[PDB]
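K.L.:
Residue numbers (PDB author numbering), protein chains in the order written: chain A, 260 to 388; chain B, 361 to 512; chain C, 613 to 616, 630 to 681, 703 to 713; chain D, 502 to 557; chain E, 193 to 214, 222 to 384; chain F, 648 to 666, 678 to 689, 731 to 758, 766 to 776; chain G, 384 to 515; chain H, 298 to 326, 334 to 357.
Have a look at this one before I ask anything.
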Amino acid sequence: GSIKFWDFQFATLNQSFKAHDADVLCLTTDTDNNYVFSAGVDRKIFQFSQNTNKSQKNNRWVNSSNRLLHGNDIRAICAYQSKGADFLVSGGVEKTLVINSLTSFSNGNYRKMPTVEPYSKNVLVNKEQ
Amino acid sequence: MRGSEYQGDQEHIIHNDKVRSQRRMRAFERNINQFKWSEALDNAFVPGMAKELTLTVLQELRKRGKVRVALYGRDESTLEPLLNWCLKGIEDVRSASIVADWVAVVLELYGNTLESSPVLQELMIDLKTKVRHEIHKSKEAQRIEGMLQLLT
Amino acid sequence: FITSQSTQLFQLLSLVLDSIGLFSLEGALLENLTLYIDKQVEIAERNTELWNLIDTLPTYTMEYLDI
Amino acid sequence: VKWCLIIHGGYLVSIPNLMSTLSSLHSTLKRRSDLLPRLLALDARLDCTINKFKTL
Amino acid sequence: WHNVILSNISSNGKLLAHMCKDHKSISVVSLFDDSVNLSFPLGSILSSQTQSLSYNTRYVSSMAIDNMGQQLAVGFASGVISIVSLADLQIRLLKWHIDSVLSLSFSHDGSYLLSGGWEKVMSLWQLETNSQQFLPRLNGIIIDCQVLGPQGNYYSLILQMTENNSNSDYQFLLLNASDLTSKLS
Amino acid sequence: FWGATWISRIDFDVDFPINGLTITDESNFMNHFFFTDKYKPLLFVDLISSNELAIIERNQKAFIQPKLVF
Amino acid sequence: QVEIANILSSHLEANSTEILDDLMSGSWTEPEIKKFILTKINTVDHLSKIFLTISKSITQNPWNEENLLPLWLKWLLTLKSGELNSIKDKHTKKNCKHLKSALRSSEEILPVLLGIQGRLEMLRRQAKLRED
Amino acid sequence: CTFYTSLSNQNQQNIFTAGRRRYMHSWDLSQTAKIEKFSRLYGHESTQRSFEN
RNA sequence: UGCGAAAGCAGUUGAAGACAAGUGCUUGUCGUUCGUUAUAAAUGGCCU
């Protein structure tokens with residue numbers, strides 16, 4: 260359940276957070292690496308932030324916030340940024356997507372997509388018989 | 361390693377801070393202390409659990425004010441052990457008041473579930489029989505008690 | 613008069642019964658009492674449960711739309 | 502107990518002390534008799550639910 | 193300043209952070232210099248979820264200001280603690296207290312946050328890793344906490360003993376930080 | 648018409664009264732009335748006959771995170 | 384039985400004062416009373432009126448030997464508790480308070496009579512032994 | 298074991314001692337001895353199960 | 001809330017101002033006042 264930040268040039272630990280109560284199955288990052296989002300079996304999403312000016316000089320990450328959005332494990336998570344779009348898409352054993360906003364993660368609104376959205380129908384009905 | 365035997369008989373100052381080892385605490389106590397209300401109830405009804413110890417973990421939860429809280433996430437599969445003990449606890453004088461308390465709550469909290477589950481319905485008929493039998497015994501005791509007052 | 630706030634009056638009768646003692650009481654009168662007190666107990670029990678009572703998806707189903 | 506009290510009623514009356522020599526009876530009987538109002542309250546609730554689902 | 197609802201002074205005694213109804224707005228001012236002068240409405244710090252929920256979430260019951268003026272802790276009756284980085288008004292939530300938090304105090308350096316509430320448990324929040332250490336089963340609820348010493352040798356606490364509803368029965372504790380044991384009760 | 652969680656009916660002989679989590683779409687994609736939300740989620744909706752409407756509806767252990775209740 | 388139910392059904396609509404007489408009719412039996420309450424009492428007003436009449440009748444004399452009224456009360460509370468408490472009338476609550484007073488005066492009796500009942504039981508056996 | 302004298306307040310003298318145990322002792326500097341026990345690691349008890357070094 | 005036994009016996013829960021939300025109207029709120037004896041719900045549980 261630990262998220263650890265290693266320095267690449269020296270291959271040594273810089274910070275250790277005991278965040279989750281179970282595995283951390285996925286990670287994702289913002290374009291500028293101002294946010295690191297984790298998720299796993301504990302059904303939570305944790306945000307880690309370095310966006311503060313004093314932090315960036317000190318490159319210390321801060322366990323900013325966490326949320327409970329999923330009914331079961333979170334296996335896959337991904338993040339996209341653009342001048343018009345800011346998505347944090349997550350999904351897992353619950354078989355559904357959850358869409359959040361990276362920049363406003365702690366306070367922003369979230370949408371829970373339908374489990375089945377029949378664009379391609381799997382059922383037909385015959386009027387006769 | 362030759363120093364462990366020494367008890368400091370020749371030393372100026374003797375300083376002891378070790379806290380005495382306390383008896384290991386049972387599982388149900390661990391759950392109350394960690395605020396595991398529901399589990400503390402389950403540990404109450406396990407095979408080979410001394411009757412006196414079980415009566416406590418019912419009393420502690422009532423004293424803590426956690427009776428409904430311990431009975432929320434339950435169905436007929438996991439409610440049966442509580443009733444089975446209650447089926448036996450109702451007889452003894454000591455636990456009669458406590459079982460009277462818990463039995464009332466589960467009815468107030470699982471009236472609807474009771475209708476659709478046939479097993480629970482039998483548990484209540486059998487319970488209804490024995491609580492009735494207890495009334496008769498208590499009523500007899502009163503008549504004896506009145507009988508004695510006449511003699512004295 | 614009994615057999616023909631009632632709390633203390635009954636409790637007073639219990640005092641009468643004890644003072645009379647074992648020897649003095651008479652069987653014929655006793656049975657009339659024995660019947661009366663049983664009626665009261667049956668009533669006395671009866672009010673009690675009254676008092677306590679006062680203190681106390704389908705796979706396929708048919709439905710018509712509202713249009 | 503009922504028969505002992507009945508037959509030897511006269512002798513028991515003429516005893517210097519009864520509470521000391523029959524303390525255990527009073528202790529036992531008092532414990533049961535105290536439970537009666539609580540049990541009746543339990544009985545009434547059970548009849549309420551038992552009547553309910555039996556009708557349903 | 194007008195219509196001040198709540199106020200606090202840094203551990204050094206050089207910064208004053210207070211809330212005024214000009222709903223409410225928090226301003227921090229340096230006392231012996233004009234170096235620090237910041238203000239912002241409470242709306243910015245408050246999340247939107249707490250805006251949806253009841254009033255207990257938007258109601259502050261304790262406040263604290265870091266010595267350097269970089270961090271400010273706000274308590275809420277809901278039991279949440281919100282640390283605000285003054286430089287850019289960024290929020291960080293620390294949520295352990297089930298009931299209202301009554302005492303907040305930063306340490307001298309700023310790395311540790313002493314918190315106390317109705318739980319009768321003192322919590323030292325380690326802000327580097329957001330961990331915590333506890334001093335539980337105190338004699339009463341902690342009205343106040345502080346770090347009293349050049350090197351944080353002693354923690355000074357005020358306890359209430361809310362059991363006695365007739366009177367307010369305060370008890371002052373001074374704990375040794377080395378082993379968290381009552382140096383003076 | 649019907650979607651994942653809504654069913655509707657539009658009568659094409661009548662004109663109507665005039666009276678965040680997606681791309682803002684500043685870029686180009688390339689280069731009489733009835734509405735209900737009671738039934739959901741829907742797999743497929745169709746009529747059996749002139750007055751029978753067929754609505755088809757959908758009917766695992768997870769890590770325990772308790773909800774405190776006092 | 385059927386005639387009384389329809390007769391009772393009519394008076395409850397008519398707000399007649401003879402509701403107590405219809406309820407007290409000896410033709411009533413326990414399964415019928417359950418049937419009547421389930422099948423005919425479909426509106427809160429009828430539930431209230433019957434409860435009012437029964438509640439007042441019992442409170443005025445909780446010691447009547449005639450078990451038909453209490454038998455009515457027991458089944459009304461047993462079956463329609465959810466609908467009864469839904470009634471928010473102040474007057475309805477006040478009647479319950481009086482009724483709770485009248486009944487509870489009994490339950491304090493019971494330990495006394497059972498005490499009396501024991502003594503008579505001893506006394507009866509005393510006479511039997513002497514006779515033999 | 299080792300003596301310790303604070304680099305600023307020269308009057309401060311203290312003795313730190315440790316063993317194959319989970320607590321460290323500190324003796325500030334004669335009827336009695338002022339000895340303090342360090343036995344809290346603040347969330348890192350896993351990494352440290354003995355102070356002996 | 002008053003009296004009293006613990007049981008109960010009587011009696012209450014009013015008015016103004018302001019803000020927020022939806023659409024001048026509706027509802028909810030009060031670190032605002034006057035007067036009368038007068039559900040909860042930020043995933044949030046206690047050291048060595």
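We put the beta carbon where it would ideally sit given N, CA and C, even for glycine.
Please classify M688 (chain F): is it buried, with 16 or more other beta-carbons within 10 angstroms of its beta-carbon, or exposed?
P.N.:
Under this definition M688 (chain F) is an exposed residue.
K.L.:
List the endpoints of the continuous beta strand (DSSP E) containing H322 (chain H).
P.N.:
Counting along the chain, the beta strand (DSSP E) containing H322 (chain H) begins and ends at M321 to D325.
K.L.:
Of all the CB atoms in chain H, is at least one closer than 8 Å to the CB of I373 (chain B)?
P.N.:
yes
K.L.:
Hey, is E491 (chain G)'s beta-carbon within less than 8 Å of any beta-carbon in chain B?
P.N.:
no
K.L.:
Between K463 (chain G) and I499 (chain G), is the Cβ-Cβ spacing less than 8 Å?
P.N.:
No. Outside cutoff.
K.L.:
Please classify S310 (chain E) as buried or exposed, where buried requires at least 16 neighbouring CB atoms within 10 angstroms.
P.N.:
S310 (chain E) is exposed by the Cβ-count criterion.
K.L.:
Report all residues from its chain with a CB closer than 8 Å to the CB of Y320 (chain H); omit the five preceding and five following residues, and keep chain order.
P.N.:
Excluding five sequence positions before and after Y320 (chain H), the CB atoms of its chain that fall closer than 8 Å to its own CB belong to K341, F342, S343 and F355, given in chain order.
K.L.:
Quick one: Cα of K553 (chain D) to Cα of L467 (chain B), how far?
P.N.:
Straight-line Cα distance between these residues: approximately 12 Å.
K.L.:
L230 (chain E) and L208 (chain E): beta carbons closer than 8 Å?
P.N.:
yes
K.L.:
Taking Cβ to Cβ, would you say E494 (chain B) is nearer than 8 Å to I450 (chain B)?
P.N.:
Cβ atoms of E494 (chain B) and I450 (chain B): closer than 8 Å.
K.L.:
For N325 (chain A), does the three-state DSSP call read helix, strand or coil?
P.N.:
strand
K.L.:
For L660 (chain C), count neighbouring Cβ atoms within 10 angstroms of its own Cβ and tell me buried if that reaches 16, exposed if not.
P.N.:
exposed
K.L.:
Please determine, among E:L347, E:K382 and E:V259, the residue with the shortest C-alpha to C-alpha distance to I225 (chain E).
P.N.:
E:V259
K.L.:
With a cut-off of 8 Å, do at least 3 Cβ pairs link the stretch 279 to 298 of chain A to the stretch 334 to 348 of chain A?
P.N.:
Yes: at least three Cβ pairs fall under 8 Å.
K.L.:
Is it true that the stretch 367 to 379 of chain A meets the stretch 308 to 324 of chain A, where meeting means three or more beta-carbon pairs spaced less than 8 Å apart?
P.N.:
Remark: fewer than three beta-carbon pairs, one from each stretch, lie closer than 8 Å, so the stretch 367 to 379 of chain A and the stretch 308 to 324 of chain A are not flagged as touching.
K.L.:
Looking only at its own chain, which residues have a Cβ that is under 7 Å from the Cβ of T652 (chain F), when we skip the five neighbours before and after it?
P.N.:
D736, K739, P740 and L741
K.L.:
In chain order, what residues of the same chain lie with their CB nearer than 8 Å to the CB of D472 (chain G), ignoring the 5 residues before and after it?
P.N.:
Same-chain partners within the cutoff: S431.
K.L.:
Check the C-beta distance from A276 (chain E) over to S299 (chain E) and give it rounded, since I have them as a contact under 8 Å.
P.N.:
4 Å
K.L.:
Give me the chain D residues within the contact set of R502 (chain G), using Cβ-Cβ distance strictly less than 8 Å, ordered along the chain.
P.N.:
Correct list: empty, because the minimum Cβ distance to chain D is about 11 Å.
K.L.:
Please work out which residues of its chain come closer than 6 Å, Cβ to Cβ, to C298 (chain H), disregarding the five sequence neighbours upstream and downstream, and give them in chain order.
P.N.:
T314
K.L.:
Do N393 (chain B) and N403 (chain B) count as a contact pair if the criterion is CB distance below 8 Å?
P.N.:
no
K.L.:
Nearest to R507 (chain G) by CA position, among C:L642, C:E709 and C:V666, is which residue?
P.N.:
In terms of CA proximity to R507 (chain G), C:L642 leads the group C:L642, C:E709 and C:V666.
K.L.:
Taking just the CA atoms, how far does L678 (chain C) sit from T249 (chain E)?
P.N.:
43 Å
K.L.:
To the nearest whole angstrom, what separates the beta carbons of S498 (chain B) and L536 (chain D), a pair I think is in contact under 8 Å?
P.N.:
6 Å
K.L.:
Spatial neighbours of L347 (chain E) within its chain, please: CB distance less than 6 Å, with the 5 preceding and 5 following residues excluded, ordered by chain position.
P.N.:
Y353 and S355
K.L.:
Counting Cβ pairs, one atom from each stretch, are 3 or more of them under 8 Å apart for the stretch 468 to 488 of chain B and the stretch 630 to 640 of chain C?
P.N.:
no
K.L.:
Taking the Cβ atom as the reference point for each residue, do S365 (chain E) and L372 (chain E) lie within a distance shorter than 8 Å?
P.N.:
no
K.L.:
Determine the DSSP secondary structure at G363 (chain B), reduced to helix, strand or coil.
P.N.:
The answer is coil: DSSP assigns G363 (chain B) none of H, G, I, E or B.
K.L.:
In whole angstroms, what is the alpha-carbon distance linking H496 (chain B) and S438 (chain G)?
P.N.:
30 Å
K.L.:
Looking at the C-beta of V453 (chain B), does it have a partner C-beta in chain F at a distance below 8 Å?
P.N.:
Not a single C-beta of chain F is nearer than 8 Å to the C-beta of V453 (chain B).
K.L.:
For the alpha helix (DSSP H) that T249 (chain E) lies in, which residues bound it at each end?
P.N.:
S247 to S251
K.L.:
Going by the beta-carbon positions, is the gap between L497 (chain G) and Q502 (chain B) smaller than 8 Å?
P.N.:
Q502 (chain B) is positioned such that its CB atom lies closer than 8 Å to that of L497 (chain G).
K.L.:
Under the three-state reduction of DSSP, which class applies to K432 (chain G): helix, strand or coil?
P.N.:
Shown here, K432 (chain G) sits in a helix according to DSSP, grouped into three states.
K.L.:
Of all the CB atoms in chain B, is at least one closer than 8 Å to the CB of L497 (chain G)?
P.N.:
yes
K.L.:
Using DSSP's beta-bridge definition, name the partner residues of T288 (chain A).
P.N.:
A:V295
K.L.:
In chain G, which residues lie less than 8 Å from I516 (chain D) when you measure between Cβ atoms?
P.N.:
Neighbours of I516 (chain D) on chain G: none; closest Cβ ~17 Å, over 8 Å.
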